[PDB]
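Structure, as C-alpha cells:
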2 protein chains.
Amino acid sequence: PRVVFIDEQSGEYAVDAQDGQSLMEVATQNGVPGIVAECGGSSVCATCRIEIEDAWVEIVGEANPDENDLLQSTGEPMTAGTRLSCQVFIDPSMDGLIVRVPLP
Amino acid sequence: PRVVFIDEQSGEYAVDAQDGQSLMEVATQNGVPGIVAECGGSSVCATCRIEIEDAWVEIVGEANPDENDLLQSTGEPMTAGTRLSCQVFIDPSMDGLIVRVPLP
Ligand code: FES
Ligand code: FES
C-alpha cells in the first residue's frame, strides 16, 4: 500500500509499504526523518509518534489503550489522529494513507 | 496471526491468518460458518458481520463510516465491537484476535 508522510517543513514522502509492516518500519526503512524507534515498538519512547491526516483517522482507528496512556503523558497534547507509528500496521485498507510527522 | 471465531452454539474455530487478508477472507477460506461475502467486500450485503470480542475492541478500532452507515440502514444490531469482517484486515497486532460470528 501507498503511504504518504508529511514533513510539513519540506513536502510529502511517498513510500510503497507491504502488508503487515508497521508504519514506523516503513518510515525508518525509507529514511523518513522524524520517526525514531528508540524503544523498538514497545510504547515507551513515544519517538515514533505520527499524526493521521483527518480523512484516515476513522479508517486507522483511535489509539490503543497503551498508546493513549503514553501519548497523553510524555509530550505534546494528542488529537484524534495521534498514533504511535509502531502501533499502526499497514494493510490493504490503508493504501493511500497520509500521515504527518511531528517535526522540529 | 491466529484468529479465533466464536460459534456461540458450537465452539471456537482457530485459524492461522496471513497479514493483509481481510477477516472475512480468513473466515470464508477456512470454512467458518455464518460468514458470507455476498457483495464481496463492498459494504452492501452486511452478511459478513461479526462482533470483535473483549479487549480486542480497542485494538481493532470501531467501525468505519461505511460500516456504521450500512449497519444503521439495514437495522443490524451494532455494539462497540460490531464490524463488517470484509472491512477488517489481519495485521501483526491482531494475533490472537477473538471475534463472535452472529449465528442463527
Ligand atoms: S517505537 Fe517507542 S513508542 Fe513507538
Ligand atoms: S461482504 Fe458484503 S459487506 Fe462485507
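Identifiers in the C-alpha cells: chain A, B, ... in order shown; residue index from 1 per chain; ligand index from 1 in order shown.
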- Message: 8 Å from ligand 1 is the threshold here; counting only C-alpha atoms and all ligand atoms, which polymer residues fall inside it? Answer as a PyMOL selection string.
- Response: chain A and resi 24+36-49+67+84-87
- chain B least-squares fit onto chain A, all C-alpha atoms in order: RMSD in Å?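 The C-alpha RMSD comes to 0.6 Å.
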- Message: Residues of chain A within 7 Å of chain B, counting only C-alpha atoms, what are they? List them as a PyMOL selection string.
- Response: chain A and resi 19-20+58-59+61-62+64+89+91-92
For the residues in that selection, give me C-alpha atoms as a short mmCIF file (atom, residue, chain, number, x, y, z; two decimals), in the first residue's frame.
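Saved result, result-v5.cif, follows:
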data_model
loop_
_atom_site.label_atom_id
_atom_site.label_comp_id
_atom_site.auth_asym_id
_atom_site.auth_seq_id
_atom_site.Cartn_x
_atom_site.Cartn_y
_atom_site.Cartn_z
CA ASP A 19 1.14 -5.64 4.30
CA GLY A 20 1.90 -6.27 7.94
CA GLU A 58 -11.62 6.68 11.26
CA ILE A 59 -10.02 4.14 8.94
CA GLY A 61 -8.73 3.68 14.32
CA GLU A 62 -8.17 5.58 17.53
CA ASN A 64 -4.85 1.60 21.51
CA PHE A 89 0.29 -1.83 10.88
CA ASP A 91 -2.94 -3.35 5.49
CA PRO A 92 -4.92 -3.12 2.21
#
- Select from region 9-61 of chain A everything DSSP, run on the backbone, classes as alpha helix (DSSP H), then give the selection as number ranges by chain. A: 23-29, 57-60
Saved selection, atoms kept: C-alpha atoms, as a PDB file, in the first residue's frame:
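Saved file result.pdb follows:
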ATOM      1  CA  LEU A  23       4.035   2.384   9.930  1.00  0.00           C
ATOM      2  CA  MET A  24       7.186   3.041  11.943  1.00  0.00           C
ATOM      3  CA  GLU A  25       9.063   0.326   9.997  1.00  0.00           C
ATOM      4  CA  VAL A  26       8.022   1.833   6.660  1.00  0.00           C
ATOM      5  CA  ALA A  27       9.286   5.276   7.782  1.00  0.00           C
ATOM      6  CA  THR A  28      12.605   4.184   9.293  1.00  0.00           C
ATOM      7  CA  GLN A  29      13.239   1.803   6.386  1.00  0.00           C
ATOM      8  CA  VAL A  57      -8.469   8.824  11.248  1.00  0.00           C
ATOM      9  CA  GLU A  58     -11.623   6.677  11.261  1.00  0.00           C
ATOM     10  CA  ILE A  59     -10.024   4.137   8.937  1.00  0.00           C
ATOM     11  CA  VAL A  60      -6.871   3.689  11.032  1.00  0.00           C
TER      12      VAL A  60
END
- Counting only C-alpha atoms and all ligand atoms, which of B:4, B:71, B:101, B:78 gets nearest to ligand 2?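 Nearest candidate to ligand 2 out of B:4, B:71, B:101, B:78: B:71.
Straight-line separation from CA of residue 35 (chain A) to CA of residue 77 (chain A): 17.5 Å.
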- Nearest to residue 31 (chain A): which of A:76, A:69, A:7, A:95 is it, counting only C-alpha atoms?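 Between A:76, A:69, A:7, A:95, the residue approaching residue 31 (chain A) most closely is A:7.
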- Message: Considering only strand (DSSP E) as DSSP defines it on the backbone, what residues of chain B qualify? List them as a count of residues only.
- Response: 23
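Interatomic distance, CA of residue 6 (chain A) to CA of residue 74 (chain A): 22.3 Å.
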